[PDB]
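Listed below are the residues making up each chain.
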Amino acid sequence: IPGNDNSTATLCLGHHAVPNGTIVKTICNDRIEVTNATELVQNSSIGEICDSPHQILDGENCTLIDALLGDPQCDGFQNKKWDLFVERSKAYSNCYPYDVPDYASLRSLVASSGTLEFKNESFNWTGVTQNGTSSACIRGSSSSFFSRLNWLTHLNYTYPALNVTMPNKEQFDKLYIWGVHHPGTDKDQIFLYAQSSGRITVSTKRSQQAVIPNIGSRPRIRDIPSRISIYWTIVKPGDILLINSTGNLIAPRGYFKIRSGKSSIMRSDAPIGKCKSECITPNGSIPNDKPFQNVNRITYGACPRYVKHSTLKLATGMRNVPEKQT
Amino acid sequence: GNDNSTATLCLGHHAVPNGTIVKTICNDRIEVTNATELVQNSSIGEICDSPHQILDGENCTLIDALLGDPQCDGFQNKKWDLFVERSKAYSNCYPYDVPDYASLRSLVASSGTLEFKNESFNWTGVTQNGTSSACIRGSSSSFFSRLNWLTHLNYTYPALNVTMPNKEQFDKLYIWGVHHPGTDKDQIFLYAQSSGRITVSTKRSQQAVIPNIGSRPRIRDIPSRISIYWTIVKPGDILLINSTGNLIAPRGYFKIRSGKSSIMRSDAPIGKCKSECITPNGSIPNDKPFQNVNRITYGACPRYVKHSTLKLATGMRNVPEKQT
Amino acid sequence: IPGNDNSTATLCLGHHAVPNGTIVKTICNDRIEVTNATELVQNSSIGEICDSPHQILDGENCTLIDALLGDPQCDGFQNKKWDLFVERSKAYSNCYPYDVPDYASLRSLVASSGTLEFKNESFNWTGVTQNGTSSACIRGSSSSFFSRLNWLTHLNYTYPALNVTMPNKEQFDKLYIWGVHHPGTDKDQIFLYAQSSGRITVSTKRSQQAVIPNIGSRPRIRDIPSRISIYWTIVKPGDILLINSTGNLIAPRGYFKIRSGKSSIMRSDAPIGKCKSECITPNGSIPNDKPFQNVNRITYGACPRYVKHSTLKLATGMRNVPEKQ
Amino acid sequence: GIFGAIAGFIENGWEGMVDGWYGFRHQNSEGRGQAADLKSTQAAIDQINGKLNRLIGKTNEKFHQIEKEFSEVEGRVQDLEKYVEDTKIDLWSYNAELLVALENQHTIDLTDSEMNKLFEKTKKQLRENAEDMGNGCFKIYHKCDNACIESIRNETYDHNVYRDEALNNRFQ
Amino acid sequence: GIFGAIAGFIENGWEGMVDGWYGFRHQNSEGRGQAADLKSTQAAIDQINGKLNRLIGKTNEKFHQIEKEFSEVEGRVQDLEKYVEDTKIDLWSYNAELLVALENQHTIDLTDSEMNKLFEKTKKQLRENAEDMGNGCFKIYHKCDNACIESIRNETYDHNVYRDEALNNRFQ
Amino acid sequence: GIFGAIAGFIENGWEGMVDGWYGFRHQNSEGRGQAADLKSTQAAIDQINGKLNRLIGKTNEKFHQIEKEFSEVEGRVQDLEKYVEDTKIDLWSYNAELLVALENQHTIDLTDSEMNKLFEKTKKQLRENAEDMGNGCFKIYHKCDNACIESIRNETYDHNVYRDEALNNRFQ
Ligand SMILES: *[C@@H]1O[C@H](CO)[C@@H](O[C@@H]2O[C@H](CO)[C@@H](O[C@@H]3O[C@H](CO)[C@@H](O)[C@H](O)[C@@H]3O)[C@H](O)[C@H]2NC(C)=O)[C@H](O)[C@H]1NC(C)=O
Ligand SMILES: *[C@@H]1O[C@H](CO)[C@@H](O[C@@H]2O[C@H](CO)[C@@H](O[C@@H]3O[C@H](CO)[C@@H](O)[C@H](O)[C@@H]3O)[C@H](O)[C@H]2NC(C)=O)[C@H](O)[C@H]1NC(C)=O
Ligand SMILES: *[C@@H]1O[C@H](CO)[C@@H](O[C@@H]2O[C@H](CO)[C@@H](O[C@@H]3O[C@H](CO)[C@@H](O)[C@H](O)[C@@H]3O)[C@H](O)[C@H]2NC(C)=O)[C@H](O)[C@H]1NC(C)=O
Ligand SMILES: *[C@@H]1O[C@H](CO)[C@@H](O[C@@H]2O[C@H](CO)[C@@H](O[C@@H]3O[C@H](CO)[C@@H](O)[C@H](O)[C@@H]3O)[C@H](O)[C@H]2NC(C)=O)[C@H](O)[C@H]1NC(C)=O
Ligand SMILES: *[C@@H]1O[C@H](CO)[C@@H](O[C@@H]2O[C@H](CO)[C@@H](O[C@@H]3O[C@H](CO)[C@@H](O)[C@H](O)[C@@H]3O)[C@H](O)[C@H]2NC(C)=O)[C@H](O)[C@H]1NC(C)=O
Ligand SMILES: *[C@@H]1O[C@H](CO)[C@@H](O[C@@H]2O[C@H](CO)[C@@H](O[C@@H]3O[C@H](CO)[C@@H](O)[C@H](O)[C@@H]3O)[C@H](O)[C@H]2NC(C)=O)[C@H](O)[C@H]1NC(C)=O
Ligand SMILES: *[C@@H]1O[C@H](CO)[C@@H](O[C@@H]2O[C@H](CO)[C@@H](O[C@@H]3O[C@H](CO)[C@@H](O)[C@H](O)[C@@H]3O)[C@H](O)[C@H]2NC(C)=O)[C@H](O)[C@H]1NC(C)=O
Ligand SMILES: *[C@@H]1O[C@H](CO)[C@@H](O[C@@H]2O[C@H](CO)[C@@H](O[C@@H]3O[C@H](CO)[C@@H](O)[C@H](O)[C@@H]3O)[C@H](O)[C@H]2NC(C)=O)[C@H](O)[C@H]1NC(C)=O
Ligand SMILES: *[C@@H]1O[C@H](CO)[C@@H](O[C@@H]2O[C@H](CO)[C@@H](O)[C@H](O)[C@H]2NC(C)=O)[C@H](O)[C@H]1NC(C)=O
Ligand SMILES: *[C@@H]1O[C@H](CO)[C@@H](O[C@@H]2O[C@H](CO)[C@@H](O)[C@H](O)[C@H]2NC(C)=O)[C@H](O)[C@H]1NC(C)=O
Ligand SMILES: *[C@@H]1O[C@H](CO)[C@@H](O[C@@H]2O[C@H](CO)[C@@H](O)[C@H](O)[C@H]2NC(C)=O)[C@H](O)[C@H]1NC(C)=O
Ligand SMILES: *[C@@H]1O[C@H](CO)[C@@H](O[C@@H]2O[C@H](CO)[C@@H](O)[C@H](O)[C@H]2NC(C)=O)[C@H](O)[C@H]1NC(C)=O
Ligand SMILES: *[C@@H]1O[C@H](CO)[C@@H](O)[C@H](O)[C@H]1NC(C)=O
Ligand SMILES: *[C@@H]1O[C@H](CO)[C@@H](O)[C@H](O)[C@H]1NC(C)=O
Ligand SMILES: *[C@@H]1O[C@H](CO)[C@@H](O)[C@H](O)[C@H]1NC(C)=O
Ligand SMILES: *[C@@H]1O[C@H](CO)[C@@H](O)[C@H](O)[C@H]1NC(C)=O
Ligand SMILES: *[C@@H]1O[C@H](CO)[C@@H](O)[C@H](O)[C@H]1NC(C)=O
Ligand SMILES: *[C@@H]1O[C@H](CO)[C@@H](O)[C@H](O)[C@H]1NC(C)=O
Ligand SMILES: *[C@@H]1O[C@H](CO)[C@@H](O)[C@H](O)[C@H]1NC(C)=O
Ligand SMILES: *[C@@H]1O[C@H](CO)[C@@H](O)[C@H](O)[C@H]1NC(C)=O
Ligand SMILES: *[C@@H]1O[C@H](CO)[C@@H](O)[C@H](O)[C@H]1NC(C)=O
């Protein structure tokens, strides 16, 4: 009889307890110790961008626009498709300077196309010198120009007023990239076109894109005073395209295919790794299983929602006693 | 037979075998004895006309009715609360294209009125009621009913300096355009000068349009094109026009006032019922606090969600029958 | 009854109660009396803007653009730094009529900088007569023009082709403001520049702007029909500024320094007083203790979010018994 | 669920009862005197109607909005209007989820509280003359002719007249 | 929710308590002494202090905002300015009205459950020598003086000292 | 709603018994024994998996978001894209803080009611053969061995055979 007297076993209770639990905040209190908890925010990156689910095209010091126009340092980008275009911060142009009003507008819509299928288109070009070459723009250790343009100069000593057109007979919409030259001095105006004044009127059945080539002196980039202004027009399958010129025209050599797609564009400098992940950030690719993130606010694909909060604990257990302190 | 000492009392709650699934935190497939739908997944298919006035498109565009198209002459001096535009609408008249089409469409839709009064401008040395062979009215040539087309009077063009000050206590809207001829011969035939320049100004803002000459793709055997601008005249201001050639003379003003009028795009026909919310799919009841037929709506309408359905529990836990 | 009290002890329970109840709305029983409740929306304002944090700069019959161009009324805003420019509806300009393209762009860009540290720098103006003077504008009981602009006029009967350069040798951004003259009469333009035509071009190594004056007849405001359109350029460090123009150039006197900070712009009519607060509204100032508001949507600083509600209550107690059965 | 009124408390539902939500059923020599308590039911129907009145009948006034469908492609202005509408939908879609998920968990807990109150309030009337037998049924240990059920539903039970006979039979 | 509902089973309390939220009342030959307790205040005031901590003292600051009032009409650029502002305010208004509904319903249930929480604690301490009176009172069946009621507030009471005298008068 | 579980009828319970989150501890004549109730643990596990599956694996896919980084200053358009960028994140950040605050409180209150449900279910099976100590321990008041444990839980318990033992021991 060891003092029990066969009375009771007391049928007491217990609970799971961990002496190294975590702090979880809630409505009632922000300093509640919980036995176990998990984090809903992924604050880490692998430092590399993977391309197993989506095709990624490396920038290789070439942005989207100069790839569209075709600098000689971006020759490998002809007829390539992408699901996401990355641009390096060290990108530069080795050819003539190009400018465009609403630069982000042309950058956005060409990126949404997701392709660069360019088809050469036949034209008349009678009485006008074609295949313009330029010294400061060097391709293959030789003088050249943009791949997708065609600088037009006078033939002999005359520049007839060009009235040319190219109807569209296909289902897919056409995209044209045509530029207008702005010479530095009037001496270059006479030497290259043999006509002082000029203007361009381009009109379709739905829109007009006429522009005047104002002449003036600019600060020199690679020892030239001239600048090139780029404009774009989009032709529906119904209507046609009409080009009228009397000087200072850089006509395109064809049309760009445009189509709806899932492509986008972002700026990053991280290298490319080999893994499987559906989310891409400028920091690097991250797992997408967590519902929230704080790595970056630039997203593409199935990336989680951006939350300013750093830590968001979710309770998976119960209240834990302080242990041996009662 | 039961003994009096074997009295028992039991408690419980009712249940219905026809349970329905309701999504919640605990599990997505919990059966509840009754539930109601919180979203409207269906529409009547037509727009009712009783709480608001709807002006039918009748294959007319709002800009076309503004300029006074001959095919759309029946919209003169008409007011609306919700303009509708048919997707199959087309026009066969003088070709037009405006800068900021979304701007001009939206601001006239906010006012919702086309009230017009004739102003007699002080014209001299020029012709009026210029007509074109492109647009046909009554087996005869015509033009837009709200824009006066200016041509040449003799082999001369006077130095225009004309104004129309405003003194009433409301805001006007002067629809004035610019004409772009196709050929240089047509430039000579209509104005007898090499080129023209147009500038207009108010006390607050000013506009300047330089018309351009050049060929354009042929539409209904004419290459000429017209571009329509607009200006706003506040009380106490003044509108002054100095131009020569290629001027489209305004015939008056369009009244502008704040209101609840708007614009929607749909092809459904009209109806007669007391429903208030209007969607391009049709009228929908407002009892559901959410809807998913379309995100475009007018009037007192519920919110838009992408979810197919939302079930809300209005009863206790439903135990399905007995164990067997 | 002492006899019944010998073995009939009782122990009852109760809770706090108050005779005056407060109605608090919630998901169930929206009309319920609550013993004590706290407000969540502050709808009361003093009516004057507190000054004790970062200094506010009063309008005083002047606006941000008029202080930028150097109006005679706005002479008190020379190289004055602010973090909140407040405007008044009574402000007006009487020196010379002007209009700008994209007014919201230039109003926000100057207000975001919040600094007017003008630094005059030398130029090489040759063959022209600067410092144009108009009798319409009066500065210090004398005829003058904008202090930060140069109205170029001809010399003798010759106007040369201007080709001026302006290199940058410092590592901060500069804002150059140049305008174009639009005379109201053909006789006025030939008298001032001796040239019917006119064209102005400003170019940098990144962007270029090129406009032409539109000659024509305009309505007269204070006995002048002419107009000037104001244009702005931003020159990054290492860029070379080149201006080529023939007539109708409103030449800048220098540049405006641009800083990045918390400076913004507001419009109101409330007077300025000496008091302490952190949030500034057009209707006045309110404390930021409550996390909701309904006074005005436009806010500056640490202010609560706007809520379309008359009032919001939060229950801080139990339901009150109706008392006396 | 929270009060444990489903798993092992009642263990079954009643299908034939469609005239009320809560009821009293007993078995004795007289018969099955099923009856309902409308006082506890009135709390539930008033709560659910008040919750709906805050939701149904409430409309938001909107007249003019930006264009949503575009037949022509445009630059960054078109992309911004398309993006800003999608952010409105996603926030409204997720707020609709919590406007459904939270109240569904609330109404399950609230109905079980009524069941817990109904079970507990019978114990207050029968201080020591009632013990549960493990299936949501109480044993009374004295006679319950028709006067008993009128006292229980009306909360007019007096234990003094039944105290002597109930304790005598249960113990010895 | 609801729990004891502090109405019905119990009744009107005391309005003279200005030094506490809860109290006790006893009836004996000495008096009707009533006092508050600080034991339940620690679990009560921590909720309100934590409730206002996340709201008061934490506010996101703003420096520059878009223009929201226009004295002149413009095109599609102005309409998007008013559209994004109306969506921002409406979503914040919807969260604000829903948040005060969820917090107040959660606050009411907790303070109603606190009275129910202490009711079971007193019942567990008084195992078989006390019975519930029904109207929110405890029936003791034996004398319990001022030294007796101190052990109740200390939450340390011995049942063996008064088991014999209470048991005989409980059955009789 | 807590129900006074942690600070009440636990009294700093043991950290062991890693087999299950809930269990029973007894000290009979033979020694000590532990048994974890797997049914009650599985009920709480299904709740947590329901909460996690709502968020994980149900991400939204977006493709062509607007530009959110500008290296140069721009006019009215830049201030509009930046503003809708800032007000979108602030709504989600307040939404994320509101989400985890309610779920954590709901998880804690449900687990406390689960222990109360097991506490209620145990004392229902014992009519008068038990007496609560007030700290989580039940006075058996009759002889017991390992045959109790298999019979008490898995639907094979008889109470009438042990009824006679408790009347003699408790009252004498
Ligand atoms: C208007 O003024 C600008 C700015 O001064 C002039 O641009 C400058 O033109 C000169 C003469 O061609 C350039 O100098 C030359 O530069 C290179 C140096 O390798 C070389 O070709 C020659 O030895 C000579 O020094 C000068 O670089 C250039 N300035 C800049 C900043 O590029 C411009 O010519 C003037 N416009 C007219 C129409 O004269
Ligand atoms: C659009 O295309 C038409 C094609 O006909 C262009 O019209 C032509 O324009 C040229 C000048 O660009 C005209 O030549 C001029 O003619 C007279 C007489 O010699 C005189 O003003 C000038 O010395 C010059 O030679 C030409 O007559 C005219 N028409 C034809 C049938 O060739 C039009 O200019 C184009 N528009 C633009 C903006 O390029
Ligand atoms: C489940 O609950 C819903 C409400 O949440 C019940 O729907 C409502 O049922 C009542 C029954 O009286 C309907 O009232 C009647 O409806 C029609 C049309 O007006 C007509 O017969 C009568 O004039 C009377 O008003 C009520 O309209 C209806 N509410 C809705 C929104 O549909 C539903 O009946 C419940 N289910 C079951 C099986 O009880
Ligand atoms: C500049 O090029 C444009 C585009 O090719 C020329 O417009 C085209 O001109 C021709 C000749 O007048 C038009 O053909 C005629 O059309 C109608 C058909 O009903 C009819 O009058 C004749 O039977 C003839 O076929 C043609 O429609 C028109 N447009 C297009 C899109 O081809 C324009 O004439 C050229 N300008 C000059 C100065 O050469
Ligand atoms: C604004 O209106 C004024 C008149 O109020 C316009 O000035 C006018 O300009 C024309 C040329 O466009 C002048 O005609 C020319 O005048 C002389 C006469 O010796 C000569 O150079 C030419 O033979 C030709 O006839 C006209 O005289 C002149 N009017 C006045 C009263 O001076 C001005 O062009 C208008 N501006 C615009 C943009 O419309
Ligand atoms: C209803 O409850 C609220 C709280 O929800 C009570 O507000 C109380 O107000 C007093 C007086 O302002 C606060 O005292 C504060 O103390 C320090 C030191 O002075 C300082 O922070 C403040 O200057 C202030 O005086 C108190 O903290 C605050 N809260 C509580 C829990 O007492 C309010 O009084 C209640 N209403 C009624 C009618 O009882
Ligand atoms: C085109 O028409 C407008 C409207 O009539 C002309 O503006 C007006 O020009 C006259 C010129 O005599 C101005 O009158 C003068 O005003 C002041 C009054 O103190 C003074 O200098 C003279 O005594 C004379 O009365 C008149 O104010 C002005 N009206 C407005 C509203 O600006 C404009 O001159 C005409 N343009 C051409 C090119 O002819
Ligand atoms: C940009 O600036 C350059 C100079 O840096 C301007 O080019 C110069 O323009 C003037 C007229 O403004 C020309 O003078 C003219 O030259 C010939 C021969 O003498 C003749 O037509 C006239 O008698 C007159 O003297 C000058 O030759 C020309 N070039 C140079 C190297 O000085 C140009 O006009 C400016 N462009 C703009 C848009 O402002
Ligand atoms: C806290 O609980 C989580 C789950 O809520 C545990 O994480 C799981 O760990 C197992 C292996 O033990 C994995 O198979 C699961 O995939 C994990 N789940 C998640 C959601 O990450 C975690 O181990 C627990 N932590 C502690 C300290 O007990
Ligand atoms: C991801 O890259 C971003 C920038 O794209 C980083 O954010 C900045 O980090 C720098 C230091 O590297 C800080 O000075 C800035 O304040 C950060 N924020 C901003 C808004 O510019 C970010 O730290 C990177 N994340 C990781 C995990 O490396
Ligand atoms: C409500 O109308 C909308 C808009 O027309 C419909 O959405 C389009 O439906 C067509 C049907 O052929 C699809 O091809 C399109 O892809 C849908 N979307 C868009 C953006 O155009 C919608 O289906 C209609 N709903 C109902 C219930 O009739
Ligand atoms: C703040 O000041 C404004 C400007 O004076 C007051 O004006 C109201 O503005 C709103 C739109 O913002 C209109 O609907 C009202 O009709 C205006 N008048 C009145 C009398 O409210 C505004 O009231 C002021 N706000 C506060 C809270 O005082
Ligand atoms: C830029 O890219 C081209 C093409 O890939 C490459 O040849 C060249 O080395 C790159 N330049 C630098 C500085 O890395
Ligand atoms: C090119 O244009 C010339 C000149 O108008 C014309 O004679 C010739 O036929 C054209 N050629 C083609 C292939 O269209
Ligand atoms: C080329 O231009 C010269 C200019 O003198 C002219 O004589 C000659 O005929 C032209 N030749 C051709 C083939 O057009
Ligand atoms: C266009 O609308 C008018 C006016 O209602 C009608 O007469 C005409 O038939 C319609 N045209 C077509 C093609 O339906
Ligand atoms: C119209 O203008 C002429 C001068 O062009 C003037 O003589 C005449 O009085 C004006 N008419 C009116 C009605 O003002
Ligand atoms: C508020 O309480 C006072 C004091 O007891 C009382 O006179 C008054 O009637 C109460 N007010 C209301 C509205 O009941
Ligand atoms: C201005 O530039 C001219 C260019 O010929 C030069 O001779 C002159 O010295 C310069 N003047 C000044 C003050 O720098
Ligand atoms: C002014 O210009 C005239 C033009 O004829 C010229 O004769 C005269 O010499 C010039 N005077 C000066 C001081 O340059
Ligand atoms: C216990 O009760 C005594 C009176 O019996 C009282 O003085 C004391 O404060 C209570 N509490 C403690 C912790 O001793």
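(A) Spotlight on the sheet that holds strand β1 (residues 12-15) of chain A. Strand order in the open sheet made by the 3 strands is β1(A)-β1(F)-β2(F), with antiparallel pairing throughout. The open sheet has two free edges, formed respectively by β1 of chain A together with β2 (32-36) of chain F, since each of these has just one partner strand. Going from strand to strand, the sheet's axes swing by 25° on average, the running direction of each strand aside. Alignment of β1(A) against strand β1 (residues 22-27) of chain F, held across 4 bridges, turns out to be antiparallel. Note on β1(F): the bridge partner recorded for A:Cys12 is F:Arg25. Across the face of the sheet, helix α2 (residues 76-124) of chain F comes into contact with β1 of chain A together with β1 of chain F while running at roughly 45° to β1(F).

(B) Expanded view of the sheet that holds strand β5 (residues 39-40) of chain B. Residue and element names in this part refer to chain B. The 3 strands lie next to each other as β5-β23-β25, forming an open sheet whose pairing is parallel. In this open sheet, the two edge strands, each paired with only one partner strand, are β5 and β25 (303-304). As judged from the 2 bridges shared by β5 and strand β23 (residues 290-291), these two strands associate in the parallel manner. From the neighbouring strand, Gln40 faces β23, where its bridge partner is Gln291.

(C) Region of the structure containing the interface of chain B and chain A. Contacts between chain B and chain A engage 12 residues on the former and 12 residues on the latter. On the chain B side of the contact with chain A, B:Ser215, B:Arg216 and B:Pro217 bury the most area, a combined 49% of that side's loss. Summed over the shared surface of chain B and chain A, the number is 0 salt bridges. Inspection of the region where chain B meets chain A yields 2 residue pairs in polar contact. In terms of residue class, the side of chain B that touches chain A is built from 3 nonpolar, 5 polar and 4 charged.

(D) Region of interest: the interface of chain D and chain B. Facing the 58 residues of chain D at the interface are 55 residues of chain B. By the criterion of area lost to chain B, the three top residues of chain D are D:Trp14, D:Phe63 and D:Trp92, representing 11% of everything that side buries. On inspection of chain D and its partner chain B, the count reaches 2 salt bridges. Where D:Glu67 meets B:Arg265, a salt bridge forms, and the shortest distance between an N and an O atom there is 3.3 Å. Remark: the boundary between chain D and chain B carries 19 residue pairs in polar contact. When residues of the side of chain D that touches chain B are traced back to their parent elements, those giving at least two are β1 (22-27), α1 (38-55), β3 (60-62), α2 (76-125) and β5 (137-139) of chain D. Top contributing element to the side of chain D that touches chain B by residue count: α2(D), with 17 residues. Residues that form the side of chain D that touches chain B fall into these classes: 27 nonpolar, 20 polar and 11 charged.

(E) How the structure looks around the nonpolar core. If you look at the biggest cluster of nonpolar residues, it comprises 55 residues, and the most contacted ones within it are A:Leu69, A:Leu106, A:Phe145, A:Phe146, A:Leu152, A:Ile177 and A:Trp178. Beyond its immediate stretch of four places on either side in the chain, A:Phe146 contacts A:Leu69, A:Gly70, A:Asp71, A:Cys95, A:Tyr96, A:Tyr98 and A:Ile228.

What counts and what doesn't
- Residues numbered from 1 in each chain as written, not as in the entry; some residues may be left out.
- Chains lettered and ligands numbered in written order.
- Heavy atoms only, no water.
- Pairing = 2+ DSSP bridges.
- Helix = DSSP H or I, 4+ residues; strand = E, 2+ residues; numbered from the N terminus.
- Axes fitted to C-alpha atoms, helices over the stretch in contact; angles between N-to-C directions.
- Contact = heavy atoms within 4.5 Å.
- Buried area = accessible area lost by both parts, 1.4 Å probe.
- Salt bridge = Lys/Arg side-chain N within 4 Å of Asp/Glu carboxyl O.
- Polar contact = N/O pair within 3.5 Å; in protein donor to acceptor, adjacent residues only side chain to side chain.
- Nonpolar A, V, L, I, M, F, W, Y, C, P; charged D, E, K, R; others polar.
- Core = buried A, V, L, I, M, F, W, Y, C linked by side-chain atoms within 4.5 Å.
- Buried < 20%, exposed > 50% of the residue type's maximum accessible area, 1.4 Å probe, protein only.

Read these as geometric descriptors, not functional statements.
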